[PDB]
Amino acid sequence: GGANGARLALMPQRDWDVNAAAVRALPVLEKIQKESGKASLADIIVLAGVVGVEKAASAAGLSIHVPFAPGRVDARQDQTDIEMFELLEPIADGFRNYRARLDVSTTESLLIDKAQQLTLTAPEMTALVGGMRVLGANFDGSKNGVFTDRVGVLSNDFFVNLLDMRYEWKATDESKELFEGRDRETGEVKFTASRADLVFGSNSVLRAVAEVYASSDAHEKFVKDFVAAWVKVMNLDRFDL
Amino acid sequence: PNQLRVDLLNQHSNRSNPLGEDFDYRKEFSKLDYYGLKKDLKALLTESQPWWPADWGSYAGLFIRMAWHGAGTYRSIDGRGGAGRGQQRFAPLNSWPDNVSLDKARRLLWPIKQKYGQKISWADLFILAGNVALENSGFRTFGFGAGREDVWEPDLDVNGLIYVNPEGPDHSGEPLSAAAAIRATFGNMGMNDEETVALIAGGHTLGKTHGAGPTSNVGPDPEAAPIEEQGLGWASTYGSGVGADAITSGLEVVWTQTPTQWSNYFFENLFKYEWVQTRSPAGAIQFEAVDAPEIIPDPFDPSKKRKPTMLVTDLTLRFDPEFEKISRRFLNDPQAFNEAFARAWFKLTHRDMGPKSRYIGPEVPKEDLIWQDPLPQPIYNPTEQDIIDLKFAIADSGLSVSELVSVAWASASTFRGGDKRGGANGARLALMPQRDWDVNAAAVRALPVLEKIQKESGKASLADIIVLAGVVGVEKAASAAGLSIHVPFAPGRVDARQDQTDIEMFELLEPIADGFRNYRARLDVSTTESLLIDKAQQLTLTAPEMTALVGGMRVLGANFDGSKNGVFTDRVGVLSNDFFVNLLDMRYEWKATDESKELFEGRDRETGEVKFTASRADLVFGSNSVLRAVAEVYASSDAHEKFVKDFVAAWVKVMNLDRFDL
Amino acid sequence: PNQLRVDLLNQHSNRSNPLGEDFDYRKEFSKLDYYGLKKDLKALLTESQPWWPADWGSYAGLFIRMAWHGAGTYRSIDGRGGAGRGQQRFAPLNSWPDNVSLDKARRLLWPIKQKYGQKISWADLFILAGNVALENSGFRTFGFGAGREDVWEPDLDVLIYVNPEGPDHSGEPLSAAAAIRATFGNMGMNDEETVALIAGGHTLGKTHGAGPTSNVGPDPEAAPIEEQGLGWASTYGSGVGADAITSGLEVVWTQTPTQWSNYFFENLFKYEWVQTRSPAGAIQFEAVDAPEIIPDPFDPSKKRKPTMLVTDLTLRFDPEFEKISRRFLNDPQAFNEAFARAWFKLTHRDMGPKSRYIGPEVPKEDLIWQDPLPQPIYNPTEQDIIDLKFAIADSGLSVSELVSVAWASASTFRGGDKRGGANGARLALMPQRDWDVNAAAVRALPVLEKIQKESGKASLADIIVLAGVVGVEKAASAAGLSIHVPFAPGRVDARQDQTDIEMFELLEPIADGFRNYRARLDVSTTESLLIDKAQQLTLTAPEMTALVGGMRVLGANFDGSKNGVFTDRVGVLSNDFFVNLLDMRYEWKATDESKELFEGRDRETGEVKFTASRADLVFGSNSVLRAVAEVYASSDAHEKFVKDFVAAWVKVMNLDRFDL
Ligand code: HEM
Ligand code: HEM
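Protein chains in written order, with my numbering: chain Y, 112 to 352; chain C, 1482 to 2143; chain D, 45 to 704.
Printed below as a string of structure tokens:
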């Protein structure tokens, strides 16, 4: 797996359920790559994320440098065996609120399993979930777990809103993968979430990291931690480096 | 002869430090048995070494002199010299005519120094030796502050004597003419009339002067004698050469009759007895109390006495109408004398030490003084949200990248390295006289906004908000060039009062030139590029640091008066390497506009049209080869992120130079 | 006037580096598109800038001259100068009389340099520019090795060869022979190599002198700041192009002035010569009774008859050179062979061992002036080294002797041209075996050689450095301050067939302050010689101080005298040297007028307890040095002295480990 090769552009990943929205940014980048014949589409694809994160950090008054390692290459359809790559399709990607079937495991166990496959630590997984939530990186762009009003700015709003005893959370149906937050005083409904947003206030080891990021001295800290974890996940398949 | 001294910027590197680059003097000092060291020093005060016998069994008169000569090379105009760096141990100062026999004083200190190691530094040990010497004669001290950390190279600055000829001006034994000499020399050190009286009268109550025979008996200074002399100069063929034959100044004066006890006898004799003219054996003019008995015990022979005597320089006070009044003030009240002398002595030995946050140890006085440039305790404690909020506010104020950077630089760049004065702590940019200086005129136009942002937010001080404005400006300009970076910010500065900013001692901090903003005042003083070096040295920068900052400040448009001298770009306000690229590009030829060649036009060598202008401060970076060697690094094709990081690090270094509180 | 240049020791610190102290030149070079750079340089060779137009459209004769002038400041006696550090860019050399117009040659290189960055260094770029210039004219090169890493200060530790107009401006080619011979020999070139170099260097290009020399303005370090780094401006005509004045003469040697050929010798012998002068009134030699065949560099309708320099006719009229010159006259392939060998040499002579060469054109033939080393026939394991240490420990050599042999082998390294060091075991071969200073150390060789026969697991260079390791570890244990002394294995022993005695006799010390050896008493002062030795080792003043003191207590005196042995436990590593040196108990008197020996007596009893030389006693006379002495003599500095001495020792053991 990984970002080297630009398999997102070839089959079968172009056409996977979870990739559906992300794919709407492909034809622009491809064009930016014809006009510039100076990089490959794998490098331009990772650079797009670099620009997005730097913009969002500037919006929160916490500007940071996002490192970029160039030199990826684009592979050819002939080197991408669809049957071998169909095994790489996620049954669940908690980091973007995609779960496929409802008879395999729990959403939060699948979250752990995904994070392990990425060789992350528990802090790393916590920081990334929260960041991806404020940046609005939901597949299908729903507002599950978007605990903020400045969608696209990289703040600690997710942990602050998740932990503050203002809202009580109710489950909407017998499925129990969807919950509403309402204010424990007025009753109104301000947020929605899934089991992947809400394990971070139920498991005590995870909540112990949430609180670190939700505390008063953890703005620059959350930004640095998220940026380091992001760059680590950008570079996992760079064995050429 | 006519050479840039870029080699100023290389001094005090990793190569010459015999200790680590991790040695923390403060932490070593924490281990010092400070009062046990004072015990061993007072012990030494009377342990008489045969190669240099003690006068009246007491080296005290010797130590006070050595500490006073240390401190007395200070200059108020730039902050160089003084006793803050221990420099009296190295050449050239160790060998100047005025320090004959001070190598003995330094030599006699080596056993204490050796027992204690780096836990005290030579530069602290000297001043403390003088203090203990005073405290052991009956006199009481104002207090002492350690913290002078030692260095390992002799500072190449520009400087014979310390203040005046002891023998009247031009060796003409008239006390009258000596008055103006003393006045000028001591004033340029920052002392007024009364302080001069107290110092010269106190310094001359203890000890004596040495001159048994012809000076020709004395050998070469320490940096000129045979290698077997092992660091000691001024050997003497007269009699023993030492003891009662010691010859240093050449004159033989003893001022009191208890030459090892404090008293009020200097003034007493000064006015009581009249005086006649003679000369000590070495043919130098002397004044001796006339019609007096024998009262002064002789330093080595008991059964012998001498009638009071004086130096020409001792007789300006009491005669120059001005000084007489302070001197009789003190004659008829020695408690005033003691108080004034002690305050002046503390001052003299702590004037190039800087803000009270640099003082360490258990005798640091509690009274704040005006020559300390004092700062008040803080009434603010900004949180993290408060800072993000201030940054949104300043960003949304309408100041341009140019203006924001201008105010931050104008506030920080007053720091000197020599005596540790200036810097951004205190908000002196807002008070007199800096609000009204020529170079600050434009930067000042961003003050009334920030002050308002500071009323609305009562969460930080104006010094912190002033440095934060520059932080916002630099972060914006880095984002414009596609090279976004984090600009570090250290909060916790405090705003001072006009009551702590003596306009007279801050008018010495006014730049004659700030090459980093294209301001040069007068045209008779130096070259623009040597003034640039001098400014950078005062900031303790390296040549790369100075290069990166000049270029950055040029693209951000940080010119005072905001002219287009050296603005080699079209995107003014974005932080690119455009300055070095256009500067080195053989496309443009540069011509001088007039005979006062401080202005040049660039026209393209093809069409001939004029695209840029510059001054000598922009164009040394393509004429001096050491500087151009760094320019090319920044102008090369792999050096965009590099230039941004280097400029940001140098900026933050110049923001934090006066943060000794940290 | 009479100073101790301790200030030499401070150069090249963190403060003046604009690149950081992590920059690995080798690793940056790994990224270079080396052949694409060669393509861009070849492009440059013919792209003519209006402010210095190209002769015959070609800047090649300019770049060969720049590269040769770079390399030609070398000296064989110490290893200073040369082209290994890029120094031709800085003062003073950038402004010397003999480098006029090489500032424009360096300026024309800046676009390539800028496109490439730190991937190539100025000091490599120069030599490669000259190479490409040669390769584009028809001539073939021996090979090229990059690796010259750039520096940022002008080296304070110090007429490139001869005057073209005969010695003392007397236009007699005869007298110029001895001048050429001496000057080129100082560089380690023999007769044939000199002939080849001069004759080759003078086939491409020309000399410039349209008008009077007074039209030329001041050198780069004296000109107005608007000149932006270029000197020698000219009021004559255009001042540039066909009006260029640099040297001042007007000589063109061939008729295809941009193609390789054999015409230099051809016309040299194939014409008599008359004496004229170029327009600037300088002596020239003119091929007499000749036609018009030399194309004019900027007018395609004028011609000129061959011409020569006095220094070109020396290698013809002189009897000695005539024979090599005719050898080559009747054999131009021999000419190409010899010139190319000599040119590779001239540009790689201060580069050092083949392990310092990088890039894809490094020749494969080892040469003698490279000081070659063979491939290793040993790979010692960890037990093998513990075993050798038990063996050496149990041999019966004293701490003094062991330390003596290790130091005697390592201390030949110079920093300038990178020669010497402990790799190779030249201490065992000629001529170092029989050098004066080595006499005592040699008495520990026959033991180690035997330990090296019994064990066939390491080389004698490794066993020699290991002996010093054991000695220092023992001495630290004696002082109650036990420490680990690092060892890097993998040295190789060289063969007498690779140790040219003549070029290793240049490595003999006139003085080694660290073991109390001086040779002659009319060269310099003992303490300035000490500084000079320490600089050649690239040490800092603290490093030099710590090592002198340590070597004194370990008793590492050559001849094992007791000059400066300020202790009673000789062989234990204490700070006794600095403590006794500084303690005001003893007064020091000089024994005679040749004041290099002094007695210490007690200033109280008067008895004589120590002796010393000027090399022991500068450390209490110079104030910068005494400032470090006191650090080591102070009460909290026992472990500190041990660690500092051990680090400096290991640094001097590893100076020539460019293989690592
Ligand atoms: C107008 C300013 C001054 C002049 C002209 C002056 C002159 C002299 C001279 C000529 C000596 C004799 C040196 C020798 O032969 O050993 C001396 C000694 C001495 N000076 Fe001053 N001095 C001045 C200021 C001061 C100050 C400001 C202090 C202390 C704050 C001071 C402290 C001493 C002491 C204690 C001695 C006695 C030296 C001994 O016992 O060996 N002097 N002075
Ligand atoms: C006896 C030794 C030498 C003498 C006396 C000498 C002298 C000269 C002089 C006077 C010039 C004219 C410079 C000018 O006006 O531009 C010149 C040019 C030149 N030198 Fe030499 N040189 C010597 C050795 C060498 C060597 C060893 C080389 C190369 C290996 C060399 C390569 C060149 C070249 C290529 C030029 C042509 C310059 C051009 O085209 O601008 N020279 N030489």
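C-beta: ideal position from N, C-alpha, C; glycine also.
For chain Y, check one thing: does any of its Cβ atoms lie closer than 8 Å to the Cβ of residue i?
i                       : result
residue 1956 of chain C : yes
residue 1936 of chain C : no
residue 1872 of chain C : yes
residue 1869 of chain C : yes
Please decide whether residue i counts as near chain C, where near means a Cβ-Cβ distance under 8 Å.
i                      : result
residue 328 of chain Y : yes
residue 614 of chain D : no
residue 107 of chain D : no
residue 621 of chain D : no
residue 396 of chain D : no
residue 675 of chain D : yes
residue 270 of chain D : yes
Would you check if the distance between the CB atom of residue i and the CB atom of residue j is smaller than 8 Å?
i                       : j                       : result
residue 602 of chain D  : residue 484 of chain D  : yes
residue 1539 of chain C : residue 1790 of chain C : no
residue 397 of chain D  : residue 702 of chain D  : yes
residue 1933 of chain C : residue 1863 of chain C : no
residue 1892 of chain C : residue 2039 of chain C : no
residue 253 of chain D  : residue 97 of chain D   : no
residue 466 of chain D  : residue 429 of chain D  : no
residue 665 of chain D  : residue 1875 of chain C : no
Suppose you measure from the CA of residue i to the CA of residue j; what does that come to, to the nearest Å?
i                       : j                       : result
residue 543 of chain D  : residue 496 of chain D  : 21 Å
residue 1973 of chain C : residue 2097 of chain C : 38 Å
residue 1832 of chain C : residue 1799 of chain C : 28 Å
residue 572 of chain D  : residue 582 of chain D  : 15 Å
residue 337 of chain Y  : residue 1998 of chain C : 39 Å
residue 1786 of chain C : residue 1684 of chain C : 22 Å
residue 176 of chain Y  : residue 163 of chain Y  : 12 Å
residue 1716 of chain C : residue 1830 of chain C : 30 Å
residue 255 of chain Y  : residue 1872 of chain C : 31 Å
Under 8 Å between C-beta atoms, does residue i make it to chain D?
i                       : result
residue 1596 of chain C : yes
residue 1499 of chain C : yes
residue 2071 of chain C : yes
Inset, instruction - Check distances from the C-beta atoms of the segment 1960–1992 of chain C to those of chain Y and list, in chain order, the residues that come in under 7 Å. - result: 1960, 1965, 1966, 1967
Inset, instruction - Using a Cβ-Cβ cut-off of less than 8 Å, list which residues of the segment 577–595 of chain D approach chain C; keep chain order. - result: 584, 585, 586, 589
Inset, instruction - Select from the segment 1735–1749 of chain C all residues with a C-beta closer than 9 Å to any C-beta belonging to chain D, and list them in chain order. - result: none
Legend entry - Every unbroken beta strand (DSSP E) within the segment 299–353 of chain D, with a cutoff of 3 residues, ordered by chain: 317–321, 327–331
Legend entry - alpha helix (DSSP H) runs contained entirely in the segment 375–441 of chain D, provided each spans 4 or more residues: DSSP runs (the alpha helix (DSSP H)) wholly in the segment 375–441 of chain D: 376–392, 426–437.
Legend entry - Where the segment 2076–2103 of chain C meets chain D: residues whose CB sits under 9 Å from a CB there: Going along the segment 2076–2103 of chain C in chain order, one finds 2078, 2081, 2086, 2087, 2097, 2100, 2101, 2103 with a Cβ nearer than 9 Å to chain D.
Legend entry - Near-chain D residues of the segment 1553–1579 of chain C - C-beta to any C-beta below 8 Å: 1570, 1571, 1572, 1575
Legend entry - Minimum length 4: unbroken alpha helix (DSSP H) runs contained in the segment 2033–2077 of chain C: 2059–2065
Inset, instruction - With 8 Å as the limit, tell me which residues of the segment 1794–1807 of chain C have their beta carbon closer than that to any beta carbon of chain D; keep them in chain order. - result: none
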